[PDB]
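A.B. asks: Have a look at the structure that comes next, please.
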Amino acid sequence: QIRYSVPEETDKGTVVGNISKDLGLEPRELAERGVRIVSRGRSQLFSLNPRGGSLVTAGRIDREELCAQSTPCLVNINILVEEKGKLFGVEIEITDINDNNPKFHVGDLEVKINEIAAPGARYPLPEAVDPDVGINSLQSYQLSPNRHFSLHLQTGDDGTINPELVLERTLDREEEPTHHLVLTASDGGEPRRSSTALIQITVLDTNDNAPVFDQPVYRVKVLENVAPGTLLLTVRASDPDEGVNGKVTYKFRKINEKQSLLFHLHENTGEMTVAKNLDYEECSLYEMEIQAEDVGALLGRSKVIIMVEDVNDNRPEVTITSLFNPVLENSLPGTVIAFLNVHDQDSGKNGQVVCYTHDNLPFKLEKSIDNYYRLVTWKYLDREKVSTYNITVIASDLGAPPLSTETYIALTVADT
Ligand SMILES: *[C@@H]1O[C@H](CO[C@@H]2O[C@@H](C)[C@@H](O)[C@@H](O)[C@@H]2O)[C@@H](O[C@@H]2O[C@H](CO)[C@@H](O[C@@H]3O[C@H](CO)[C@@H](O)[C@H](O)[C@@H]3O)[C@H](O)[C@H]2NC(C)=O)[C@H](O)[C@H]1NC(C)=O
Ligand SMILES: *[C@@H]1O[C@H](CO)[C@@H](O[C@@H]2O[C@H](CO)[C@@H](O)[C@H](O)[C@H]2NC(C)=O)[C@H](O)[C@H]1NC(C)=O
Ligand SMILES: *[C@H]1O[C@H](CO)[C@@H](O)[C@H](O)[C@@H]1O
Ligand SMILES: *[C@H]1O[C@H](CO)[C@@H](O)[C@H](O)[C@@H]1O
Ligand SMILES: [Ca+2]
Ligand SMILES: [Ca+2]
Ligand SMILES: [Ca+2]
Ligand SMILES: [Ca+2]
Ligand SMILES: [Ca+2]
Ligand SMILES: [Ca+2]
Ligand SMILES: [Ca+2]
Ligand SMILES: [Ca+2]
Ligand SMILES: [Ca+2]
């Protein structure tokens with residue numbers, strides 16, 4: 001029936017209550033009558049101060065350990081006055097003080113959310129506990145800011161609270177594979193204590209990105225006399241998908257195209273090289289289509305264009321299409337004696353032909369229609385001074401290194 005109050009975690013020997021006044025006696029009388037305390041468990045932590053004539057604490061008083069989460073912390077002791085033969089009941093309340101932070105059971109948690117996870121899905125979060133009760137228990141859950149997540153305080157009927165992370169915006173690990181959040185838990189008493197909990201969010205990969213070539217069309221020029229195996233090109237295709245979902249193989253699209261037989265595209269490195277010799281005079285252009293795939297068979301498509309260059313390799317060929325061999329000695333300057341056809345299978349300046357004959361001879365070569373030539377006469381001839389002629393005609397293309405074919409025209413001069 002003697003109520004008192006005391007703060008916990010207080011020093012030893014702190015005043016609990018003026019017992020001698022509420023007993024109607026002096027301190028020396030308390031030390032004289034032999035008034036003691038009845039031997040019970042909790043009463044071990046209290047003691048009687050005669051000089052102070054009061055009630056002092058003789059041990060550590062932790063409410064969090066003593067009464068746990070009960071709403072009032074009460075300790076009842078019985079005081080026995082022997083000479084008066086009377087007994088008194090003392091009820092002592094212990095107040096709560098915020099010396100315990102909200103302690104998370106787990107310091108960190110990994111939440112594996114898929115890349116293709118739809119918004120609205122919620123995942124459980126680590127809970128906190130505060131041995132401090134009342135307003136000194138947990139009161140505020142503060143989640144670190146993030147554009148993709150929110151904090152929901154779902155309350156099961158039994159559980160007082162249950163924090164959970166809510167996915168409100170879609171994710172893509174191709175931009176960020178892992179997130180890091182700070183889950184602060186604070187109790188609403190002064191001084192304000194708190195404790196955090198780091199939450200890593202691992203975004204698992206989904207093969208949602210297909211291989212994409214750097215350029216849609218690849219153009220490359222090449223000489224026709226390149227040795228087989230020469231590195232013509234090296235194609236690159238990017239796949240941001242993780243690991244095995246990013247390993248890309250390149251291959252030709254067509255099924256055993258002749259161009260695919262002529263060339264080799266390496267599967268792993270994508271290096272396009274020559275396999276067999278290729279002549280400009282057969283095909284000057286090669287249009288092929290290549291593709292790149294990850295393991296998910298996601299298709300990227302591109303087109304490689306190969307242009308050949310006509311380096312000189314074919315010499316001209318002279319075809320004497322006409323020859324008026326019995327030449328008249330009295331022929332006027334300007335009469336034709338032989339028509340020639342010249343043809344260089346090469347192209348450009350490598351296919352342009354020029355013809356040459358000796359200077360001392362009275363016969364010149366003149367150009368004509370459709371790369372023809374005519375062997376014209378411009379000076380009169382002494383029949384005996386020149387009876388037989390073995391003319392050397394040299395056809396040569398204008399592409400270095402020049403190629404030359406020589407044809408010999410046999411003729412004889414006759415008179416009348
Ligand atoms: C007009 O002249 C050409 C060649 O031009 C002249 O003769 C050469 C020998 C050189 O001195 C040149 O600088 C010169 O301007 C005559 O062509 C020649 O034809 C003969 C046979 O028709 C070739 O003989 C060859 O001999 C070898 C080895 O014996 C054989 O394997 C061959 O099968 C072939 O028989 C000779 O090589 C060839 N000249 C050249 C340079 O190739 C051409 O006959 C002549 N015209 C007339 C009407 O006489
Ligand atoms: C318990 O309470 C009594 C009464 O309130 C206290 O007695 C007072 O002591 C002070 C000491 O300076 C005096 O000035 C007052 O005149 C006293 N009042 C009365 C009514 O006696 C006493 O000191 C307190 N403590 C103990 C151990 O008895
Ligand atoms: C948790 O938050 C409180 C503020 O409410 C801080 O004072 C404390 O140090 C902890 O960071
Ligand atoms: C929240 O963050 C702090 C660092 O500021 C940690 O020390 C704590 O354990 C919790 O993870
Ligand atoms: Ca305490
Ligand atoms: Ca406390
Ligand atoms: Ca607390
Ligand atoms: Ca993606
Ligand atoms: Ca992905
Ligand atoms: Ca991929
Ligand atoms: Ca050629
Ligand atoms: Ca050529
Ligand atoms: Ca040529």
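Ordering of the structure tokens sets the chain letters (A, B, ...); residue numbers start at 1 within each chain; ligands are numbered from 1 in the order shown.
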Output as a tab-separated table one row per residue of chain A within 8 Å of ligand 6: the closest atom pair and its distance in Å to one decimal place, counting only C-alpha atoms and all ligand atoms, sorted by chain and residue number ascending.
C.D. replies:
residue	atom	partner	partner_atom_place_in_ligand_line	distance
A:8	CA	ligand 6	1 (Ca)	6.8
A:9	CA	ligand 6	1 (Ca)	7.7
A:62	CA	ligand 6	1 (Ca)	7.3
A:63	CA	ligand 6	1 (Ca)	6.2
A:64	CA	ligand 6	1 (Ca)	6.3
A:95	CA	ligand 6	1 (Ca)	7.4
A:96	CA	ligand 6	1 (Ca)	4.1
A:97	CA	ligand 6	1 (Ca)	3.2
A:98	CA	ligand 6	1 (Ca)	4.4
A:99	CA	ligand 6	1 (Ca)	5.2
A:100	CA	ligand 6	1 (Ca)	6.6
A:131	CA	ligand 6	1 (Ca)	7.5
A:132	CA	ligand 6	1 (Ca)	5.0
A:133	CA	ligand 6	1 (Ca)	7.5
A:136	CA	ligand 6	1 (Ca)	7.5
A.B. asks: Please, could you write that set of residues out with N, CA, C and O atoms as a short mmCIF file (atom, residue, chain, number, x, y, z; two decimals), in the first residue's frame?
C.D. replies:
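The result, written out as result32.cif:
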data_model
loop_
_atom_site.label_atom_id
_atom_site.label_comp_id
_atom_site.auth_asym_id
_atom_site.auth_seq_id
_atom_site.Cartn_x
_atom_site.Cartn_y
_atom_site.Cartn_z
N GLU A 8 14.86 3.23 -14.08
CA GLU A 8 15.77 2.11 -14.20
C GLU A 8 17.16 2.58 -14.61
O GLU A 8 17.38 3.75 -14.93
N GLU A 9 18.11 1.64 -14.61
CA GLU A 9 19.48 1.88 -15.04
C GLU A 9 20.13 3.02 -14.27
O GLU A 9 21.00 3.73 -14.79
N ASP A 62 17.36 -3.19 -14.58
CA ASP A 62 17.04 -3.10 -16.00
C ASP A 62 15.59 -3.55 -16.18
O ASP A 62 15.28 -4.73 -16.03
N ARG A 63 14.72 -2.59 -16.50
CA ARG A 63 13.33 -2.93 -16.77
C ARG A 63 13.23 -3.93 -17.91
O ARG A 63 12.45 -4.89 -17.85
N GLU A 64 14.03 -3.72 -18.97
CA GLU A 64 13.98 -4.59 -20.14
C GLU A 64 14.20 -6.05 -19.77
O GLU A 64 13.62 -6.95 -20.39
N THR A 95 10.33 2.89 -14.16
CA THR A 95 9.97 3.55 -15.41
C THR A 95 10.90 3.13 -16.54
O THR A 95 12.02 2.65 -16.32
N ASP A 96 10.42 3.33 -17.77
CA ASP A 96 11.14 2.91 -18.96
C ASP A 96 11.97 4.07 -19.49
O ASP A 96 11.50 5.21 -19.55
N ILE A 97 13.21 3.78 -19.88
CA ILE A 97 14.11 4.76 -20.47
C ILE A 97 14.73 4.16 -21.72
O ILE A 97 15.01 2.96 -21.79
N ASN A 98 14.95 5.01 -22.73
CA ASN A 98 15.35 4.55 -24.06
C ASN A 98 16.87 4.34 -24.09
O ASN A 98 17.64 5.18 -24.56
N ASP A 99 17.29 3.19 -23.57
CA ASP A 99 18.69 2.76 -23.66
C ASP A 99 18.85 1.51 -24.52
O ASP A 99 19.85 0.80 -24.40
N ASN A 100 17.88 1.24 -25.40
CA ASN A 100 17.94 0.08 -26.29
C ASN A 100 17.43 0.49 -27.66
O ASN A 100 16.28 0.92 -27.80
N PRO A 131 13.57 -3.75 -26.95
CA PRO A 131 13.17 -4.11 -25.58
C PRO A 131 12.50 -2.97 -24.83
O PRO A 131 11.70 -3.23 -23.92
N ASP A 132 12.80 -1.73 -25.19
CA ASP A 132 12.06 -0.59 -24.67
C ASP A 132 10.60 -0.68 -25.12
O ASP A 132 10.32 -1.03 -26.27
N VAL A 133 9.67 -0.39 -24.22
CA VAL A 133 8.25 -0.61 -24.49
C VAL A 133 7.57 0.76 -24.55
O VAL A 133 8.15 1.79 -24.19
N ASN A 136 8.87 4.18 -26.39
CA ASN A 136 10.28 3.90 -26.64
C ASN A 136 10.51 2.63 -27.44
O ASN A 136 11.66 2.28 -27.71
#
A.B. asks: Can you work out which residues are within 10 Å of ligand 1, considering only C-alpha atoms and all ligand atoms, and then hand them over as a VMD selection string?
C.D. replies: chain A and resid 388 to 393 406 to 412
A.B. asks: Could you tell me, as a ChimeraX atom specification, which residues of region 77-146 of chain A DSSP assigns to strand (DSSP E or B) when given the backbone?
C.D. replies: /A:77-81,86-95,103-104,108-114,122-124,128-129,138-143
A.B. asks: Based on the selection just made, write C-alpha atoms of those residues as a PDB file, in the first residue's frame.
C.D. replies:
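Saved as result-v4.pdb:
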ATOM      1  CA  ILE A  77       8.417  -5.956  -1.060  1.00  0.00           C
ATOM      2  CA  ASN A  78       7.202  -6.708   2.460  1.00  0.00           C
ATOM      3  CA  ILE A  79       8.725  -4.718   5.332  1.00  0.00           C
ATOM      4  CA  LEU A  80       8.488  -6.182   8.841  1.00  0.00           C
ATOM      5  CA  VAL A  81       8.626  -3.969  11.934  1.00  0.00           C
ATOM      6  CA  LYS A  86       3.489  -4.974  12.090  1.00  0.00           C
ATOM      7  CA  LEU A  87       3.895  -5.663   8.376  1.00  0.00           C
ATOM      8  CA  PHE A  88       3.753  -3.211   5.472  1.00  0.00           C
ATOM      9  CA  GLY A  89       3.455  -3.730   1.722  1.00  0.00           C
ATOM     10  CA  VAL A  90       5.507  -1.551  -0.616  1.00  0.00           C
ATOM     11  CA  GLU A  91       4.827  -1.426  -4.361  1.00  0.00           C
ATOM     12  CA  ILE A  92       7.581   0.139  -6.478  1.00  0.00           C
ATOM     13  CA  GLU A  93       7.200   1.042 -10.157  1.00  0.00           C
ATOM     14  CA  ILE A  94      10.202   1.123 -12.499  1.00  0.00           C
ATOM     15  CA  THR A  95       9.971   3.554 -15.405  1.00  0.00           C
ATOM     16  CA  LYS A 103      17.956  -4.362 -33.118  1.00  0.00           C
ATOM     17  CA  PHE A 104      17.587  -6.057 -36.493  1.00  0.00           C
ATOM     18  CA  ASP A 108      21.664  -7.668 -44.388  1.00  0.00           C
ATOM     19  CA  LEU A 109      19.269  -9.345 -46.807  1.00  0.00           C
ATOM     20  CA  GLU A 110      19.480 -10.167 -50.517  1.00  0.00           C
ATOM     21  CA  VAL A 111      16.166  -9.960 -52.391  1.00  0.00           C
ATOM     22  CA  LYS A 112      16.401 -11.623 -55.813  1.00  0.00           C
ATOM     23  CA  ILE A 113      13.914  -9.887 -58.126  1.00  0.00           C
ATOM     24  CA  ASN A 114      13.757 -11.019 -61.742  1.00  0.00           C
ATOM     25  CA  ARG A 122       6.006  -7.305 -52.510  1.00  0.00           C
ATOM     26  CA  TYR A 123       8.756  -9.121 -50.611  1.00  0.00           C
ATOM     27  CA  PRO A 124       9.232  -9.483 -46.839  1.00  0.00           C
ATOM     28  CA  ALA A 128      13.278  -4.987 -35.781  1.00  0.00           C
ATOM     29  CA  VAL A 129      12.705  -5.366 -32.042  1.00  0.00           C
ATOM     30  CA  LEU A 138       9.843   1.013 -32.576  1.00  0.00           C
ATOM     31  CA  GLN A 139       7.638   3.735 -34.059  1.00  0.00           C
ATOM     32  CA  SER A 140       9.097   4.805 -37.432  1.00  0.00           C
ATOM     33  CA  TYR A 141      10.209   2.741 -40.427  1.00  0.00           C
ATOM     34  CA  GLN A 142      12.230   4.868 -42.862  1.00  0.00           C
ATOM     35  CA  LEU A 143      13.319   3.370 -46.185  1.00  0.00           C
TER      36      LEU A 143
END
A.B. asks: Please write out the residues within 7 Å of ligand 11 as a PDB file with C-alpha atoms, in the first residue's frame, counting only C-alpha atoms and all ligand atoms.
C.D. replies:
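Contents of pocket.pdb, as written:
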ATOM      1  CA  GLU A 224      41.188 -10.243-106.892  1.00  0.00           C
ATOM      2  CA  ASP A 279      38.594 -13.512-110.183  1.00  0.00           C
ATOM      3  CA  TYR A 280      37.181 -10.058-110.898  1.00  0.00           C
ATOM      4  CA  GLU A 281      36.313 -11.164-114.442  1.00  0.00           C
ATOM      5  CA  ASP A 310      40.648  -5.500-111.219  1.00  0.00           C
ATOM      6  CA  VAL A 311      44.393  -5.676-110.781  1.00  0.00           C
ATOM      7  CA  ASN A 312      46.108  -6.332-114.101  1.00  0.00           C
ATOM      8  CA  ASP A 313      46.597 -10.022-114.890  1.00  0.00           C
ATOM      9  CA  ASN A 314      45.194 -10.568-118.405  1.00  0.00           C
ATOM     10  CA  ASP A 346      40.983  -6.566-117.929  1.00  0.00           C
TER      11      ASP A 346
END
A.B. asks: Per residue of chain A within 12 Å of ligand 3, note the shortest atom pair and the distance in Å to one decimal, counting only C-alpha atoms and all ligand atoms, and order the rows by chain and increasing residue number, as a Markdown table.
C.D. replies:
| residue | atom | partner | partner_atom_place_in_ligand_line | distance |
| --- | --- | --- | --- | --- |
| A:101 | CA | ligand 3 | 1 (C) | 8.8 |
| A:102 | CA | ligand 3 | 1 (C) | 9.3 |
| A:103 | CA | ligand 3 | 1 (C) | 11.3 |
| A:138 | CA | ligand 3 | 5 (O) | 10.9 |
| A:139 | CA | ligand 3 | 5 (O) | 10.2 |
| A:140 | CA | ligand 3 | 5 (O) | 8.4 |
| A:141 | CA | ligand 3 | 5 (O) | 9.8 |
| A:142 | CA | ligand 3 | 2 (O) | 8.8 |
| A:143 | CA | ligand 3 | 2 (O) | 11.2 |
| A:144 | CA | ligand 3 | 2 (O) | 11.8 |
| A:182 | CA | ligand 3 | 11 (O) | 10.5 |
| A:183 | CA | ligand 3 | 1 (C) | 9.8 |
| A:184 | CA | ligand 3 | 1 (C) | 6.1 |
| A:185 | CA | ligand 3 | 1 (C) | 6.7 |
| A:186 | CA | ligand 3 | 5 (O) | 5.6 |
| A:187 | CA | ligand 3 | 5 (O) | 7.8 |
| A:188 | CA | ligand 3 | 5 (O) | 8.2 |
| A:189 | CA | ligand 3 | 5 (O) | 9.6 |
| A:190 | CA | ligand 3 | 5 (O) | 9.8 |
| A:191 | CA | ligand 3 | 7 (O) | 8.2 |
| A:192 | CA | ligand 3 | 5 (O) | 5.6 |
| A:193 | CA | ligand 3 | 8 (C) | 5.4 |
| A:194 | CA | ligand 3 | 1 (C) | 3.6 |
| A:195 | CA | ligand 3 | 1 (C) | 5.2 |
| A:196 | CA | ligand 3 | 1 (C) | 6.8 |
| A:197 | CA | ligand 3 | 1 (C) | 10.5 |
A.B. asks: Using only C-alpha atoms, which protein or nucleic acid residues come within 8 Å of residue 211 (chain A)? Drop anything in the same chain fewer than 6 positions from it, and give the result as a PyMOL selection string.
C.D. replies: chain A and resi 237-239+246+248+292-294+298-300
A.B. asks: Please provide as JSON, numbers by chain all residues within 10 Å of residue 318 (chain A), with the sequence filter that same-chain residues fewer than 4 positions apart are discarded (counting only C-alpha atoms).
C.D. replies: {"A": [340, 341, 342, 343, 344, 355, 372, 373, 393, 394, 395, 405, 406, 407]}
A.B. asks: May I have the selected residues written with C-alpha atoms, as an mmCIF file, in the first residue's frame?
C.D. replies:
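Okay, selection-v2.cif is ready:
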data_model
loop_
_atom_site.group_PDB
_atom_site.id
_atom_site.type_symbol
_atom_site.label_atom_id
_atom_site.label_comp_id
_atom_site.auth_asym_id
_atom_site.auth_seq_id
_atom_site.Cartn_x
_atom_site.Cartn_y
_atom_site.Cartn_z
ATOM 1 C CA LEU A 340 43.523 -6.192 -136.416
ATOM 2 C CA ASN A 341 41.252 -6.935 -133.461
ATOM 3 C CA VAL A 342 42.665 -6.387 -129.966
ATOM 4 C CA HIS A 343 40.911 -7.311 -126.724
ATOM 5 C CA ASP A 344 42.101 -7.083 -123.111
ATOM 6 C CA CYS A 355 49.718 -0.842 -130.281
ATOM 7 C CA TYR A 372 40.126 -2.206 -133.882
ATOM 8 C CA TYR A 373 43.378 -1.241 -135.573
ATOM 9 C CA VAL A 393 53.180 -5.582 -133.736
ATOM 10 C CA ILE A 394 53.202 -5.094 -129.959
ATOM 11 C CA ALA A 395 49.892 -4.729 -128.114
ATOM 12 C CA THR A 405 51.456 -9.615 -126.590
ATOM 13 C CA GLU A 406 53.416 -9.562 -129.853
ATOM 14 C CA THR A 407 52.036 -10.746 -133.196
#
A.B. asks: Hey, what's within 6 Å of residue 403 (chain A) if we count only C-alpha atoms and toss same-chain stuff fewer than 3 positions away? As a ChimeraX atom specification, please?
C.D. replies: /A:315,396-397
A.B. asks: Would you put the residues from that selection into a file with N, CA and C atoms, as a PDB file, in the first residue's frame?
C.D. replies:
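Contents of result_31.pdb, freshly written:
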ATOM      1  N   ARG A 315      46.630 -10.311-120.341  1.00  0.00           N
ATOM      2  CA  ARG A 315      47.296  -9.612-121.427  1.00  0.00           C
ATOM      3  C   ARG A 315      46.379  -9.514-122.647  1.00  0.00           C
ATOM      4  N   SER A 396      49.897  -3.674-125.926  1.00  0.00           N
ATOM      5  CA  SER A 396      50.213  -3.566-124.508  1.00  0.00           C
ATOM      6  C   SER A 396      49.125  -2.780-123.795  1.00  0.00           C
ATOM      7  N   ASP A 397      48.662  -3.299-122.661  1.00  0.00           N
ATOM      8  CA  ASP A 397      47.696  -2.564-121.864  1.00  0.00           C
ATOM      9  C   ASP A 397      48.396  -1.492-121.030  1.00  0.00           C
TER      10      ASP A 397
END
A.B. asks: So what do you get for CA of residue 381 (chain A) versus CA of residue 337 (chain A), distance-wise?
C.D. replies: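 Separation between CA of residue 381 (chain A) and CA of residue 337 (chain A): 13.9 Å.
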A.B. asks: What are the nearest atom pairs, with distances in Å to one decimal, for all residues of chain A that come at most 8 Å from ligand 2, using only C-alpha atoms and all ligand atoms, set out by chain and rising residue number as a Markdown table?
C.D. replies:
| residue | atom | partner | partner_atom_place_in_ligand_line | distance |
| --- | --- | --- | --- | --- |
| A:18 | CA | ligand 2 | 1 (C) | 5.0 |
| A:19 | CA | ligand 2 | 28 (O) | 7.3 |
| A:20 | CA | ligand 2 | 28 (O) | 5.1 |
| A:21 | CA | ligand 2 | 1 (C) | 4.6 |
| A:22 | CA | ligand 2 | 1 (C) | 7.9 |
| A:25 | CA | ligand 2 | 28 (O) | 7.9 |
| A:26 | CA | ligand 2 | 28 (O) | 6.2 |
| A:27 | CA | ligand 2 | 27 (C) | 6.0 |
| A:51 | CA | ligand 2 | 27 (C) | 7.9 |
| A:52 | CA | ligand 2 | 27 (C) | 5.3 |
| A:53 | CA | ligand 2 | 27 (C) | 4.3 |
| A:54 | CA | ligand 2 | 27 (C) | 5.3 |
A.B. asks: Please identify every polymer residue within 7 Å of ligand 8, using only C-alpha atoms and all ligand atoms, and present the set as a PyMOL selection string.
C.D. replies: chain A and resi 172-174+208-209
A.B. asks: Within region 14-163 of chain A, find each residue whose DSSP state, derived from the backbone, is helix (DSSP H, G or I), and express the selection as a list in words.
C.D. replies: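 DSSP on the backbone gives helix (DSSP H, G or I) at residues 21, 22, 23, 27, 28, 29, 30, 31, 32, 42, 43, 44, 45, 63, 64, 65, 66, 134, 135 and 136 of chain A.
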A.B. asks: Keeping only N, CA, C and O atoms, take the residues you just selected and write them out as a short mmCIF file (atom, residue, chain, number, x, y, z; two decimals), in the first residue's frame.
C.D. replies:
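Resulting contents of again_3.cif:
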data_model
loop_
_atom_site.label_atom_id
_atom_site.label_comp_id
_atom_site.auth_asym_id
_atom_site.auth_seq_id
_atom_site.Cartn_x
_atom_site.Cartn_y
_atom_site.Cartn_z
N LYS A 21 9.22 8.59 6.67
CA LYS A 21 8.09 9.50 6.84
C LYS A 21 6.76 8.77 6.68
O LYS A 21 5.84 8.98 7.48
N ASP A 22 6.65 7.92 5.67
CA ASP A 22 5.45 7.10 5.48
C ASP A 22 5.37 5.94 6.47
O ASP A 22 4.47 5.10 6.35
N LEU A 23 6.29 5.89 7.42
CA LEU A 23 6.25 4.91 8.50
C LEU A 23 6.06 5.54 9.87
O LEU A 23 5.84 4.80 10.84
N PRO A 27 14.97 7.83 11.21
CA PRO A 27 15.95 6.87 10.67
C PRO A 27 16.67 6.07 11.74
O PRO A 27 16.83 4.85 11.60
N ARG A 28 17.11 6.73 12.82
CA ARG A 28 17.75 6.00 13.92
C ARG A 28 16.80 4.98 14.53
O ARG A 28 17.24 3.94 15.01
N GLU A 29 15.50 5.27 14.52
CA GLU A 29 14.52 4.28 14.97
C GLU A 29 14.43 3.12 13.99
O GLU A 29 14.24 1.97 14.40
N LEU A 30 14.58 3.40 12.69
CA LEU A 30 14.61 2.32 11.70
C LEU A 30 15.82 1.42 11.92
O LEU A 30 15.72 0.19 11.78
N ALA A 31 16.97 2.01 12.26
CA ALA A 31 18.16 1.22 12.56
C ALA A 31 18.13 0.60 13.95
O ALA A 31 18.95 -0.28 14.23
N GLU A 32 17.22 1.04 14.82
CA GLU A 32 17.16 0.54 16.19
C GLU A 32 16.17 -0.60 16.36
O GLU A 32 16.48 -1.60 17.02
N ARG A 42 12.92 -10.76 -5.67
CA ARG A 42 13.17 -9.42 -6.18
C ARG A 42 13.71 -8.50 -5.08
O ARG A 42 14.65 -7.72 -5.32
N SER A 43 13.17 -8.61 -3.87
CA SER A 43 13.61 -7.78 -2.75
C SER A 43 15.12 -7.84 -2.51
O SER A 43 15.62 -7.07 -1.69
N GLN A 44 15.84 -8.74 -3.19
CA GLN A 44 17.29 -8.79 -3.05
C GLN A 44 17.97 -7.52 -3.55
O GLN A 44 19.05 -7.17 -3.06
N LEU A 45 17.36 -6.82 -4.51
CA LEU A 45 18.05 -5.68 -5.10
C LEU A 45 17.83 -4.38 -4.33
O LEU A 45 18.48 -3.37 -4.67
N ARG A 63 14.72 -2.59 -16.50
CA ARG A 63 13.33 -2.93 -16.77
C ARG A 63 13.23 -3.93 -17.91
O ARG A 63 12.45 -4.89 -17.85
N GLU A 64 14.03 -3.72 -18.97
CA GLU A 64 13.98 -4.59 -20.14
C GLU A 64 14.20 -6.05 -19.77
O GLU A 64 13.62 -6.95 -20.39
N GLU A 65 15.03 -6.31 -18.75
CA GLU A 65 15.24 -7.66 -18.26
C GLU A 65 14.24 -8.05 -17.19
O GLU A 65 13.87 -9.23 -17.10
N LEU A 66 13.77 -7.09 -16.39
CA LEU A 66 12.94 -7.42 -15.23
C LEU A 66 11.52 -7.78 -15.64
O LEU A 66 11.04 -8.88 -15.38
N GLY A 134 6.32 0.76 -24.98
CA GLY A 134 5.54 1.99 -24.97
C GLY A 134 5.92 2.84 -26.15
O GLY A 134 5.96 2.37 -27.29
N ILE A 135 6.21 4.11 -25.88
CA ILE A 135 6.63 5.01 -26.94
C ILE A 135 8.11 4.83 -27.27
O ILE A 135 8.56 5.28 -28.33
N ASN A 136 8.87 4.18 -26.39
CA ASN A 136 10.28 3.90 -26.64
C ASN A 136 10.51 2.63 -27.44
O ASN A 136 11.66 2.28 -27.71
#
A.B. asks: Which residue out of A:163, A:399, A:107, A:243 has the minimum interatomic distance to ligand 9 when only C-alpha atoms and all ligand atoms are used?
C.D. replies: A:243
